[PDB]
């Protein structure tokens, strides 16, 4: 197999990015091409599809000789990546053997070897879906709404109308409603082709947003009784996308 070397400036930020996807994934195939690194995976229950796309432009050095796929234990990977410091440079390097060499370069050079595994490749595509609502909002609104709703229920209803986005949860001894209009600072954009209603499991939503930052911009696309698509951008050009089955 051909070697590659991939360098990212800011190892803690790369660790944070990986921890977001690792919240639902145990293992993942990473496709390394000359245009960038991509990773598509499902959670063990097949309720959530994760798609992480890291184009070559976000790496300070990108040397990939031929396309290849590597399989990675995500919790081992996250354990090593959690050792990187904010100011560290991260180097991912594969030689001829079956392991990833992970180097942090900062006040010292620290090198880990991570054994590569074989990951069964479900043939996962991200199809195009007839979404009828798009919502852009601040991560902290989304995070707090999912936490608020968890005080009440295990499912969260999303309601998009022309002028307002509403998340609503109700239980026996409680109820909670989170409402956004474009007058609110939490809602950066709202495009609604028609009145759209759908519900989603809170345990999955919490794991999806746990690593998202309070100032991150998150785009939601959904439809009536359709999956929820949730993405946010990494370093302007990278992108993390979740696709979440509806609660029906």
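C-alpha atoms forming the largest set that superposes within 1.5 Å between two forms make up the rigid core. Positions refer to the first chain, counted from 1.
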Do you reckon 166 to 174 or 98 to 106 strays further from the shown form in 6 other deposited structures of this protein, measuring C-alpha RMS after a core fit? 166 to 174
Could you check whether 123 to 131 or 67 to 75 drifts more from the shown form in 6 other deposited structures of this protein, using RMS Cα distance once the core is superposed? 123 to 131
If you average the Cα B factors in the entry, which is higher, 45 to 53 or 184 to 192? 184 to 192
With respect to the recorded C-alpha B factors, which stretch has the higher mean value, 63 to 71 or 198 to 206? 63 to 71
Between 58, 37, 215, 220, let me know which has the highest C-alpha B-factor in the entry? 215
Could you say whether, by C-alpha temperature factor, residue 111 belongs to the lowest, middle or highest third of its chain? lowest
Could you look up the Cα B-factor of residue 9 in the entry and say which third of the chain it sits in: lowest, middle or highest? middle
Looking at the temperature factor on the CA atom of residue 103, which third of the chain's modelled residues does it land in? lowest
Taking the values exactly as deposited, rank residue 147 by C-alpha B-factor within its chain and report the matching third: lowest, middle or highest. middle
Test of reading the entry: by CA B factor among the chain's modelled residues, which third contains residue 89? lowest
